[PDB]
Amino acid sequence: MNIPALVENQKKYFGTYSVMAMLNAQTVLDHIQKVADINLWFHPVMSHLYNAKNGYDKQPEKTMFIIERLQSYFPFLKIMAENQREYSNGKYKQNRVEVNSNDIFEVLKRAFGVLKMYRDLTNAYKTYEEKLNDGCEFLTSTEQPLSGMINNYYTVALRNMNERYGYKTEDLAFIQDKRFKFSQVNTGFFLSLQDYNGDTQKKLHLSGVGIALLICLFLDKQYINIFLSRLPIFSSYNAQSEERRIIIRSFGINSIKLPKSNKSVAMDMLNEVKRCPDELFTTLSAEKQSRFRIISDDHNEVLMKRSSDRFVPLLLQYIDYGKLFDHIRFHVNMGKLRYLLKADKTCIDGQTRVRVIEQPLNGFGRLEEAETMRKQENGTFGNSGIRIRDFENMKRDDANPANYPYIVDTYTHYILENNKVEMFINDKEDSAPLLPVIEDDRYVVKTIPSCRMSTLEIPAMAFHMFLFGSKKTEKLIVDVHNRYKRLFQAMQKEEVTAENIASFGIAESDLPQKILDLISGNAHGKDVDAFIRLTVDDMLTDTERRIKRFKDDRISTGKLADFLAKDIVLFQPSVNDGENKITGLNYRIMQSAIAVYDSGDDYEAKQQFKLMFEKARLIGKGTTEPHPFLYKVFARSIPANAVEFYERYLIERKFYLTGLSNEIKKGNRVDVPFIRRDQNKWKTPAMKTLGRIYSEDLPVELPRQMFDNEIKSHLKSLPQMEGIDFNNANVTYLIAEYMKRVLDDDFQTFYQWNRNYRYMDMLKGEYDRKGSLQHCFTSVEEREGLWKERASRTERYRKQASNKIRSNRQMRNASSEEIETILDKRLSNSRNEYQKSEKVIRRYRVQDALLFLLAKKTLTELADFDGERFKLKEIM
RNA sequence: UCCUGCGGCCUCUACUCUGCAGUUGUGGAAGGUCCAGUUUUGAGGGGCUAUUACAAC
RNA sequence: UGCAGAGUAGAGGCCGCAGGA
Ligand SMILES: [Mg+2]
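Definitions and limits used
- Residues numbered from 1 in each chain as written, not as in the entry; some residues may be left out.
- Chains lettered and ligands numbered in written order.
- Heavy atoms only, no water.
- Residues with missing side-chain atoms left out of burial classes, pairs and counts.
- Helix = DSSP H or I, 4+ residues; strand = E, 2+ residues; numbered from the N terminus.
- Buried < 20%, exposed > 50% of the residue type's maximum accessible area, 1.4 Å probe, protein only.
- Pairing = 2+ DSSP bridges.
- Arc of directions from axis to C-beta.
- Contact = heavy atoms within 4.5 Å.
- Salt bridge = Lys/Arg side-chain N within 4 Å of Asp/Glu carboxyl O.
- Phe/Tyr/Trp six-rings, centres within 6.5 Å; stacked < 30°, edge-to-face > 60°.
- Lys NZ or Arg CZ within 6 Å of the ring centre and 35° of its normal.
- Axes fitted to C-alpha atoms, helices over the stretch in contact; angles between N-to-C directions.
- Parallel < 35°, antiparallel > 145°, perpendicular 65-115°, else oblique.
- Left-handed = near helix turned anticlockwise from the far one by under 90°.
- Nonpolar A, V, L, I, M, F, W, Y, C, P; charged D, E, K, R; others polar.
- Domains from an automatic or database assignment.
- Buried area = accessible area lost by both parts, 1.4 Å probe.
- Polar contact = N/O pair within 3.5 Å; in protein donor to acceptor, adjacent residues only side chain to side chain.
- Patch = residues over 30% accessible without salt bridge, like charges linked within 9 Å, V, L, I, M, F, W, Y side chains within 5 Å.
- Areas by Shrake-Rupley, 256 points an atom, 1.4 Å probe, with all protein chains shown as cover.
- Near = heavy atom within 4 Å.
- Core = buried A, V, L, I, M, F, W, Y, C linked by side-chain atoms within 4.5 Å.
- 1 Å grid on protein atoms, 1.4 Å probe; cavity = no way out; pocket = protein on both sides within 12 Å on 5 of 7 lines; lining within 4 Å.
- Points joined across faces, edges and corners; volume = space filled by probe spheres on them.
- Expected span 1.5 Å × (residues − 1).
- Bend = angle between axes of the 7 residues up to and from the residue.

If you check the header, you'll see the entry was determined by cryo-EM and the resolution is listed as 3.13 Å.

As recorded in the PDB entry, chain A goes by PspCas13b and comes from Prevotella sp.. As recorded in the PDB, this entry has the title "Cryo-EM structure of the PspCas13b-crRNA-target RNA complex (State 2)".

Written out as structure tokens, the structure is:
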């Protein structure tokens, strides 16, 4: 057999990249050896596989690791191992349905053997090699089988092209239609992977292109491109052709996979402040909205708009990567633990389902350090031992106990919910991440945060950090936290009085009202009876609203089933610490069951529907905690469908609540399932009991305006701030005064653009020819003045608006109340939307000032860079 | 002096797969919402509210 | 009816690297 001419003519390239291919392979094999604590087919990792089915496996955990990781690092091995199974079934007349270690070993033995051969030939001026002799063992056993394997591999690789790059039949036909002749392999095809290579025995070997393909399985995409570009393997397709790109992509599609910063965060911050906040974008004219839109080269619109407020996560990354806090660490989530409670759980619809329980893996540390701890080399979580399930593992509703517990793979992120930031205060510096311990493979032992801060406090914290330094900032948070702790310890000793409350160093406006009540001698619980009376009335009114709306409308059964499932559980009495009420899976089933319920007045189907509520122990004889009125819904007859069920449910609800109202009116005591007299809400608070809950059970709720006194003392010392009344100056105000007076800066120009609000339309009172209300775009000065005149202007608005209701025929004979109510709600909602929107945009301004300031500080102290000249006003 | 290819970061869109959607307790300094001769200075006042979290099923 | 995670793809911004004329 002759060396292919392509190989002989491009020897320096085949030489170079064959060596690179073999080194890359060894690298993977070496990595796997190290992580698992185990002539490349004699590598320890490959020996292991060779011997793995020599009797009963003594190291199954190692075998399985090797098989899994080999298929990760060598993606082509999934295809080739599958072909090797099918081959062996042929050879030994078997029906093995599953790939095993023998398949994997054989594929890689051959691939490595041929790669080694060509490596040796192409990296030597002259070596007469025995392995090229026609009919020899090497050719018959290794090389010729490999050529057929490679050819079958490529069939599948081209199929993968469709999935991966969206190529169509027409795109790939220049290869797919010409590979095989009529079925033979068309060795005359320009991209043929097999040839006779002047073998007198006339057996198919790897062609030059075939050898290039083998090599490229073991290269990075960068080197695939450098290598193939040197080779005349593209017939007449030119550098810019799609066909050339298809060929190259086909040679990389399943190839080897080889095993944030201060600067990056700074640049993430600057790219945040150039984007439009979403609340602002809504209010802008189409012209100004257009200013945030780009058309790309490929004629695609791309929108520079914030999808969420990333101020706080950006700030947390800034602190973490900067190593700016010695003691404080933020609350991170690192995935979920899933454990199998029961493989066969009978549900309230009488169908059996796997019952899997989840727990979040919450902890405290710097995002990078926590992330390094989360995923061990051996693919377990932290120091737990428990496996992290990978993307390749796809086993839905898996019922096998051996597969549990496992941990969902999720990158460490900060937990940022309910506008809060939770943190843990370490006594010592350079503490390790606080990962949760797992107990009995089932409980995730989490840690109550030290303290919790409003995300609305983060601007002032940032500002304090910028003026004083992160270490002084941190000492203040820690000192505030320790003041609250001293207070709560004194409460537990009953040593807090009106006479000494000031000594604790906490302003009245930052003490819980219950402490203030307790020292003033005015401690009281809420009035449960008042609450019952009010709740019953509110709910009766709502029930009638829903009855009317439904008759009028006659509709999403999904929407109906949401209402019904919530309400059914609301009215279910609790016993035994709430252990009797409907649990998550059964709740999902009940709600879905309702949404799709539609007997054809089929008796069995009706019985089945009723039975569900019997099994949930809501209706039926012998039930101890029944729903108070649901059983009336099924008295006389079962409703035929979800819509009938909703109607009957609401009527029965109305009768129940009317009864309650009537008993309340007689001065009698009533009880509802979901109001519980034994809850602390209803009792008088005690100093000592409340002391302990505040110290031990909850995070410290950090006060607003923690940093104000220190911020204001600093700024008072600056001469540029001389003419500021610090007695009417909040931190939002002072950030902007700092930017203007000390830095000669201002906010981004797009915060001066005119905005639209329905409420301001109503207050402006301007109509078109047809009589519709106009969408104005106002300045802030205009809105200031409309708002001053809102009483008069609201009067005008209502007068006109009411007339326009009675002009329309549907609401023509409408009561004074009906109209007045419709308008009341219209103006309230609009006014509230406008006020909140304007407040939030004013926060976005000063948040952007702070990101800009911090980013600029990072980059100033980096690089061959100077940036004293740069200003937020220039950002667009 | 630019074009082709590769890696990292962040965002958006499409697709697949896998999962979740409940209870009780505690907690209204904080968060949400509503009222006003309140704020364009998440500043302040009054009312209503378990929403983050943690524990247990 | 809604939410979450991972993978892949595509489009885009910024940074870094390689190669050919
Ligand atoms: Mg305050």
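A. Spotlight on the environment of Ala635. Along the chain, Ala635 falls in the loop between α24 (630-633) and α25 (642-665). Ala635 sits in the partly exposed class, given a relative accessible area of 33%.

B. Layout of the pairing of strand β7 (residues 328-346). In the sheet, β7 pairs with strand β12 (residues 420-425) via three bridges, with the strands oriented antiparallel. Directly across from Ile328, in β12, lies its bridge partner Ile425. Relative to strand β8 (residues 352-364), β7 runs antiparallel, the two being bridged by 11 bridges. Residue pairing in the sheet places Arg338 in a bridge with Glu358 of β8. Counting the residues that bridge the hairpin from β7 to β8 gives five residues, and of these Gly350 lies at a positive phi of roughly 75 degrees. Pairing of β7 with strand β11 (residues 413-414), which is carried by two bridges, proceeds in the antiparallel orientation. In the sheet register, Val332 faces β11, and the bridge partner there is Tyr414.

C. Just helix α16 (residues 367-374), in detail. By the burial criterion, the buried members of α16 are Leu367, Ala370 and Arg374. Down the axis, α16 shows its buried residues gathered within 70 degrees of arc, on one side only. Elements that come into contact with the buried residues of α16 comprise α15 (311-322), β7, β9 (388-389) and β11.

D. Broad picture of the pattern of salt bridges. What the rule picks out here adds up to 49 salt bridges. Salt-bridge contacts for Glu358 lead to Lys336; the nearest nitrogen and oxygen are separated by 3.0 Å. Residue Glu358 is found in strand β8, and its partner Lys336 is found in strand β7; the two are separated by 22 residues along the sequence. Overall, the relative accessible area of 37% leaves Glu358 in the partly exposed class. On the basis of relative accessibility, which here comes to 37%, the residue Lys336 falls in the partly exposed class. Between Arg704 and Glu457 there is a salt bridge, with the nearest N and O atoms lying 2.8 Å from each other. Salt bridges here are not isolated pairs; linked through shared partners, they connect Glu371, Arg374, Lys375 and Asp409.

E. Layout of the packing of aromatic side chains. Under the definition given, this model contains 50 aromatic pairs. Each ring, one from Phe325 and one from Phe330, has its centre 6.2 Å from the other, and the planes form 45 degrees; the classification is tilted. You'll find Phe325 and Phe330 in the same group, each marked buried. Here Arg546 stacks its cationic end above the ring of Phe563, 3.8 Å away from the centre of that ring.

F. Layout of the packing of helix α7 (residues 137-165) against helix α11 (residues 242-250). For the pair α7 and α11, the least separation of the axes is 10 Å and the interaxial angle reads 115 degrees. With respect to each other, α7 and α11 are oriented roughly perpendicular. Viewed along their axes, α7 and α11 form a crossing whose handedness is right-handed. Within the contact between the two elements, α7 uses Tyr154, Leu158, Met161 and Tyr165 and α11 uses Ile246, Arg249 and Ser250. Taken together, the residues that form the contact of α7 with α11 break down as five nonpolar, one polar and one charged.

G. The arrangement of the domain arrangement of chain A in detail. By domain assignment, chain A separates into domain 1 (5-250), domain 2 (326-453), domain 3 (470-524 + 684-706), domain 4 (528-665) and domain 5 (748-872). The centre of domain 2, based on its C-alpha atoms, is set 33 Å off from the matching centre of domain 3. Carbon and sulfur atoms supply 62% of the area that domain 2 and domain 3 bury against each other, a total of about 1,100 Å² over both sides. Taken together, the connections running from domain 2 to domain 3 amount to two salt bridges. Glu701 is paired through a salt bridge with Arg452; the nearest N and O atoms lie 2.9 Å apart. The interface formed by domain 2 and domain 3 contains eight residue pairs in polar contact. Among the elements of the structure, β12 and β15 (451-454) are those that each provide at least two residues to the side of domain 2 that touches domain 3. Here the side of domain 2 that touches domain 3 is built from residues that sort into seven nonpolar, two polar and three charged.

H. Spatial organisation of a nonpolar patch on the surface. Taken together, the side chains of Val437, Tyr443 and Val445 define a hydrophobic patch exposed on the protein surface, amounting to about 260 Å² of accessible area. On the secondary structure map, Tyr443 appears in strand β14 (residues 443-445). With relative accessibility at 43%, the residue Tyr443 sits in the partly exposed group.

I. View of the protein's contact with RNA strand B. Inspection of the region around RNA strand B gives 83 residues, with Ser307, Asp397, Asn418, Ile582 and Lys836 positioned closest. Sugar and phosphate atoms represent 74% of those atoms of RNA strand B found within 4 Å of the protein. Between RNA strand B and the protein, one listed contact pairs a phosphate oxygen with a backbone N or O atom of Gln513 at 3.1 Å. Considering every element that reaches the surface near RNA strand B, the biggest residue donor is helix α32 (residues 816-860), with 12 residues. Considering only residue class, the surface near RNA strand B consists of 27 nonpolar, 22 polar and 34 charged.

J. Spatial organisation of the packing of helix α28 (residues 731-741) against α32. Axis separation between α28 and α32 bottoms out at 10 Å; the angle between their running directions is 50 degrees. By the angle class used here, α28 and α32 are oblique. For the element pair α28 and α32, the recorded crossing hand is left-handed. Residues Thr732, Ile735, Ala736 and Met739 of α28 touch α32, and the partners they reach there are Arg842, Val846, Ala849, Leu850 and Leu853. Taken together, the residues of the contact of α28 with α32 sort by class into seven nonpolar, one polar and one charged.

K. The arrangement of the protein's contact with RNA strand C in detail. Taken together, 14 residues lie near RNA strand C, and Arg164, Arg230, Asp409, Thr410 and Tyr411 sit nearest. Protein-proximal atoms of RNA strand C, defined as those within 4 Å of the protein, fall in sugar or phosphate at a share of 100%. Here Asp409 contributes a backbone N or O atom positioned 3.0 Å from a sugar or linking oxygen of RNA strand C. Within the contact set of RNA strand C, a phosphate oxygen lies 2.8 Å away from a backbone nitrogen or oxygen of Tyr411. Contributions of two or more residues to the surface near RNA strand C are made by α7 and α10 (221-228). Class assignment for the residues of the surface near RNA strand C results in five nonpolar, three polar and six charged.

L. The nonpolar core, seen in detail. Ranked by size, the top nonpolar core spans 117 residues in total, and within it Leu315, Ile477 and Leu715 carry the most contacts. By residue number, the principal contributor to this core is α32, which donates 16 residues. Those residues in contact with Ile477 that lie beyond four places of it in its chain are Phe325, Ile328, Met423, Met453, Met461, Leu702, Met706 and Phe707. Counting 83 residues, the second largest nonpolar core, distinct from the first, contains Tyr17, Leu108, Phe174 and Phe234.

M. The arrangement of empty space enclosed by the protein in detail. Empty space within the largest cavity amounts to approximately 60 Å³. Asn151, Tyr154, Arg179, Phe180, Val185, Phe189, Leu191, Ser192, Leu193 and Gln194 together form the lining of the largest cavity. Considering only residue class, the lining of the largest cavity consists of six nonpolar, three polar and one charged. Volume-wise, the second largest cavity comes out at about 30 Å³. Along its surface, the second largest cavity is lined by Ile3, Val7, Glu8, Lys11, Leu121 and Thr122.

N. Main features of α7. Over its 29 residues, α7 runs 41 Å from end to end, which matches the ideal 42 Å to within 8%, given 1.5 Å per residue. Approximately 30 degrees is the largest bend angle found in α7, and it occurs at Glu143, with the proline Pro145 only one to four residues beyond. Just beyond α7, the residue with positive phi is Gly166, at close to 65 degrees.

O. Highlighting the side chain of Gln748. Looking at the element boundaries, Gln748 is found in the loop between α28 and α29 (758-764). A polar side-chain atom of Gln748 sits 2.7 Å from a polar atom in the side chain of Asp848.

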